[PDB]
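[1] Just dropping in an experimental structure and the matching sequence.
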Amino acid sequence: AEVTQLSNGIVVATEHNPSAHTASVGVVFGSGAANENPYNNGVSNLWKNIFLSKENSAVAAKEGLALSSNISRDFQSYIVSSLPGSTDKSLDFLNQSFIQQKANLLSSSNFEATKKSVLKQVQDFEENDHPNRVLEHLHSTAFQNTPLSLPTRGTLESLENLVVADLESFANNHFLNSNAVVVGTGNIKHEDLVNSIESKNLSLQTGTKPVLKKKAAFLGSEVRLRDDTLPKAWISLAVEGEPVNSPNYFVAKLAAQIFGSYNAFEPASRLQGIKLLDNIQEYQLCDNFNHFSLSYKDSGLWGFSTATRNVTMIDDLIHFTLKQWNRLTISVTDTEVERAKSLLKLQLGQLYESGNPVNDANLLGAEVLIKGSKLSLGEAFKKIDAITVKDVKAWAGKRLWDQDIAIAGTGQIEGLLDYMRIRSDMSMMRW
Amino acid sequence: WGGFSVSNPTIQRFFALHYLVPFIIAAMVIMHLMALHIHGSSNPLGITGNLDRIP
Ligand code: HEM
């Protein structure tokens, strides 16, 4: 990975790979869904679908080019893919839709066709995708009245008030030269990308992103969306975790790998070395679970999600899981730390070394915006190998022992008890 | 009475019956709580309580 700032202030990052048969060039901006207010929530989701509209995709398809876009809470990306030897054609396409000509995409015929397509997607998401809308409600109750609680797709009530003047106002404040990184992955080398950008002189004005007033803060709270006509119950639960650039960034990732993932219908996932599986397989308390560790610029979340049809024993599934989290402070063993070291190196080795240059362009550009450089995979492996049992017990006594939680749930969640009997399971009464 | 008036046999049998009836009350309190368990308590509104319960 090579990073280089040019004479006019453009940051170029490149990860060359000579054994790939494609190349990807794009632009990553450092503003996401957490840079909006509750009135224009959804302008980033509308800018993505304007880029991927049919009249834009038909111009790129005549040259042999494919388009991609991704909206997150801290960044956005607009990526063009081609063959290794058509990389200057994908730079001319990216020039003519972000720099030199943007008023033909925001015509009134193209805007109203795009807006009714996005309104159909958000309506279909809210009635059909139950594990993913419970995790979005967990962000809105844990970080409430703070910028980190807005959903990345927007809401159905906020999207119907957006006009074409809202999209031009968001682009003038956030699509700036001091907020952008030009990325390149696959079969493309660093010097041909720099010389191709420098051939077009690119005036590129000197604005600056608006700064936010409110800092993100965690609050212990809950939200319940009861629906008795649904067949299951979907629950997420979390504490406050680590941000990016934390010293305990990898220790929180190793603690979630100790408890891991589960699928009750796969025979090999029932044989894993996890002590929680002894409690929940006797009466078949759930269908699946997974533990996460999400990290953002300001704060983070650490917890688990689950789905079950055993709706009369929900209180045993929450009680057995939280009693295993207590063991990280008092009685975590040595075999559990050595097993989670090997499975964490396999997990993020498959994340950073897939064969997709579109996935690598998103991970590379999001990291240079925050740190200015990218940590290597060989240096991340030495940090994981130096974690001891005392490092885990020191982290869990600060973040997990007797702390506030955030809960979200939907479906047949009558058997889920009150806040204060789940909150009292965060300590043991033994010690 | 055990006799012709309130006398010595009256007081000696009143104390032995006084030791016993509190243990019969304790057995009827258990039968009282068994009938409470099948339907639960009422509430000051007089309407159903199956929609909102706390432990
Ligand atoms: C030593 C005597 C008694 C004991 C230990 C006792 C105990 C209890 C307890 C613990 C409850 C639970 C709910 C509540 O507190 O309201 C209850 C309810 C009730 N008791 Fe008693 N009780 C006694 C005497 C009586 C008497 C003398 C009556 C009536 C003549 C009575 C009639 C009731 C009724 C109707 C309820 C239900 C009230 C409701 O659910 O709204 N009990 N009792």
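    Sure, I can see it. Numbering: from 1, shown residues only, chains lettered A, B, ... in the order given.

[2] just checking, residue A:125 touches residue A:132?
    Yes: Residue A:125 is within contact range of residue A:132, at 7.4 Å (criterion: CB atoms under 8 Å). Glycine gets a C-beta too; all of them are placed from N, C-alpha and C.

[3] Between those two, which is the more surrounded one?
    residue A:125 (15 against 11; other CB atoms under 10 Å in any protein chain shown).

[4] Go over the secondary structure and confirm that one is in a helix.
    Yes: according to DSSP: H, G, I helix; E, B strand; the rest coil, residue A:125 belongs to a helix.

[5] residues near the residue of chain A found nearest the ligand, how many?
    Nearest residue of chain A to the ligand: residue A:418, at 20.3 Å (CB to the nearest ligand atom). When neighbours are counted by other CB under 10 Å, residue A:418 registers 11.

[6] now the spatially closest residue to it that is not a sequence neighbour: how far from the ligand?
    Nearest non-adjacent residue to residue A:418, counting by CB to CB, 6 or more residues apart in numbering or on different chains: residue B:54, 5.9 Å away. Distance of residue B:54 to the ligand, given as CB to the nearest ligand atom, to the nearest Å: 15 Å.

[7] So which other helices or strands are in contact with the helix or strand hosting residue A:381?
    Per DSSP states H and E, residue A:381 falls inside helix A:377-384. With contacts defined as 3 or more CB pairs under 8 Å, 6 or more residues apart in numbering or on different chains; DSSP states H and E, the packing partners of helix A:377-384 are helix A:249-259, helix A:334-351.

[8] Buried deepest among those, which one?
    Greatest average neighbour count among the helices and strands packed on helix A:377-384 goes to helix A:249-259 (a mean of 21), per mean count of other CB atoms under 10 Å in any protein chain shown.

[9] Extract the CA atoms of that one and return them as PDB.
    What follows is helix A:249-259, C-alpha atoms only, in PDB (Å, rounded to 0.1, in the frame of the first residue of the first chain):
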ATOM      1  CA  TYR A 249      -9.100  -2.600  19.500                       C
ATOM      2  CA  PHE A 250      -7.900  -6.200  19.000                       C
ATOM      3  CA  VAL A 251      -8.600  -7.300  22.600                       C
ATOM      4  CA  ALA A 252     -12.300  -6.600  22.000                       C
ATOM      5  CA  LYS A 253     -12.300  -8.500  18.800                       C
ATOM      6  CA  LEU A 254     -10.700 -11.600  20.500                       C
ATOM      7  CA  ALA A 255     -13.300 -11.500  23.200                       C
ATOM      8  CA  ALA A 256     -16.200 -11.800  20.700                       C
ATOM      9  CA  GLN A 257     -14.400 -14.700  19.000                       C
ATOM     10  CA  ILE A 258     -14.400 -16.700  22.300                       C
ATOM     11  CA  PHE A 259     -18.200 -17.000  22.100                       C
END
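
[10] Any idea how far that helix is from the middle of the chain?
    17 Å (CA atoms, centre = their mean, to the nearest Å).

[11] Going along the chain from it, find the next helix or strand for me.
    strand A:261-263.

[12] Just the residues contacting the helix or strand just after that following strand, thanks.
    Following strand A:261-263 in sequence order, the next helix or strand is helix A:277-280 (DSSP H and E). Contacting residues not belonging to helix A:277-280 are listed as A:262, A:270, A:285-286, A:317, A:320 [CB atoms under 8 Å, 6 or more residues apart in numbering or on different chains].

[13] Show me which of the residues you listed are buried.
    Listed as buried from these are A:262, A:285-286, A:317; burial here means 16 or more other CB atoms under 10 Å in any protein chain shown.

[14] Turn those residues into CSV, columns for distance to residue A:115.
    Below are the buried ones among the contacts of helix A:277-280 laid out as CSV (distance: CB to CB, whole Å):
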residue, distance to residue A:115
A:262, 41
A:285, 44
A:286, 40
A:317, 42
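
[15] Which helix or which strand is home to residue A:215?
    Per DSSP H and E, there is no helix or strand for residue A:215.

[16] list the contacts for the most centrally placed residue in chain A?
    For chain A, residue A:72 is the residue whose C-alpha lies nearest the centre (CA atoms, centre = their mean; 6.1 Å). For residue A:72, the contacting residues are A:32-33, A:152, A:366, by CB under 8 Å, 6+ apart.

[17] Likewise for residue A:288?
    So residue A:288 contacts A:261-264, A:306-307 (CB under 8 Å, 6+ apart).

[18] so can I have TSV of the residues you listed showing distance to the ligand?
    Putting these into TSV (distance: CB to the nearest ligand atom, whole Å) gives the following:
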residue	distance to the ligand
A:261	46
A:262	42
A:263	46
A:264	41
A:306	36
A:307	38
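
[19] Out of those residues, which is nearest to residue A:121?
    residue A:307 (22.8 Å; CB to CB).

[20] partners of the strand or helix carrying the closest one, with directions?
    According to DSSP H and E, residue A:307 maps onto strand A:300-308. Its sheet considered, strand A:300-308 pairs with strand A:233-240 (antiparallel), strand A:288-295 (antiparallel) by DSSP bridges.

[21] And those: which comes nearest residue A:193?
    So among those, strand A:288-295 is nearest, using CB to CB, at 29.4 Å.

[22] Which positions in chain B make contact with the ligand?
    B:29, B:32, B:36, B:41-42 (CB under 6 Å from any ligand atom).

[23] which residue ranges form the helices in chain B?
    For chain B, the helices defined by DSSP state H cover B:8-37.

[24] And the closest residue to residue A:7 other than its chain neighbours, how close does it get to residue A:182?
    Excluding its sequence neighbours, the residue lying closest to residue A:7 (CB to CB, 6+ apart) is residue A:198, at 7.7 Å. Per CB to CB, to the nearest Å, residue A:198 is found 12 Å from residue A:182.

[25] neighbour count winner among the two?
    Higher neighbour count among residue A:198 and residue A:182: residue A:182, with 21 against 14, using other CB under 10 Å.

[26] Tell me if I am right that that one is in a strand.
    Yes: under three-state DSSP, residue A:182 sits within a strand.

[27] what about the closest residue to residue B:10 other than its chain neighbours, neighbour count?
    Among residues not flanking residue B:10 along the chain, residue B:1 sits closest, at 5.4 Å (CB to CB, 6+ apart). Counted with other CB under 10 Å, the neighbours of residue B:1 add up to 9.

[28] can I assume residue B:1 is in contact with residue B:11?
    No: counting by CB under 8 Å, residue B:1 does not reach residue B:11; the two are 10.6 Å apart.

[29] for stretch A:213-220, the distance to its chain's centre please.
    Distance, centroid of stretch A:213-220 to centroid of chain: 19 Å (CA atoms, centre = their mean).

[30] ends of it, how far apart?
    22 Å (CA to CA, to the nearest Å).

[31] sorry, back to before: redo the buried ones among the contacts of helix A:277-280 as TSV? Include secondary structure.
    As requested, the buried ones among the contacts of helix A:277-280 are arranged in TSV below (three-state DSSP):
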residue	secondary structure
A:262	strand
A:285	coil
A:286	coil
A:317	helix
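
[32] can you tell me which of those are up against chain B?
    Near chain B, judged by CB under 8 Å from any CB of the partner chain, there are no entries from these.

[33] Max pairwise distance over these: which two?
    Pairwise distances across these peak at 11.5 Å for A:262 and A:317 (criterion: CB to CB).

[34] what's the overlap in contacts for the two?
    residue A:286.

[35] got a list of what the nearest residue to residue A:203 once chain neighbours are set aside touches?
    Nearest in space to residue A:203, with sequence neighbours left out and distances taken as CB to CB, 6+ apart, is residue A:8 at 7.9 Å. Residue A:8 makes contact with A:177, A:201-204, according to CB under 8 Å, 6+ apart.
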